[PDB]
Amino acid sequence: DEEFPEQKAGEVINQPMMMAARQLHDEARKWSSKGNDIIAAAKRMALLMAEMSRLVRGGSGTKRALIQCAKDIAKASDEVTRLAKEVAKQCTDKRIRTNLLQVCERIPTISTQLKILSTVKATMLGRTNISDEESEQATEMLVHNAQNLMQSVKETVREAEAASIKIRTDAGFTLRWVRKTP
């Protein structure tokens, strides 16, 4: 749906993470979710990554929240991977089928690490008895993990769509790629 507004004060958020979210948002946005669960799930991930970019800046109730957020994102990526392998299975182009499988057999890994990292950062949130360098590094591991995940899924969207035009005749599974424009 709706475009992603720009930044401000504001806006305590972690920018690289909001950026990553925005990159995914912008790709998925162009598409209808009707008949396409990868798109539906991608949209949820980007919005969740946006929330993450706030939570990670610390605050009231952010620990429990940030841990669940990572879990929500992790669950959504599973659907993207699961659905993205069904597409690869039905695709007749080796190049695409291969990029598709590759770019998505890493997703679950990035996701698990996201939970682990979110939780570390979640435990640090508040405690001033934690070295600045230990938290900053925690944040950095998480930001970098978030970026891979956002990118990885964006690429899965783009490859899946590519495969749509290179699917076997009378396929048992297809995703609908219909624009959400003018």
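Position 1 is the first residue in the sequence shown; the rest follow in order.
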| property | result |
| --- | --- |
| Residue stretch of maximal mean CA temperature factor, 169 to 177 vs 11 to 19 | 11 to 19 |
| Mean C-alpha temperature factor, higher of 60 to 68 and 145 to 153 | 60 to 68 |
| Residue of maximum C-alpha B factor among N36, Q113, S53, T123, per deposited coordinates | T123 |
| Ranked against its chain, the third holding the CA B-factor of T119 | middle |
| Among modelled residues of the same chain, the CA temperature factor third for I130 | highest |
| Cα B factor band for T139 (lowest, middle or highest third within the chain) | middle |
| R82, C-alpha B-factor rank within chain (lowest, middle or highest third) | middle |
| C104 - which third its CA temperature factor falls in, relative to the rest of the chain | highest |
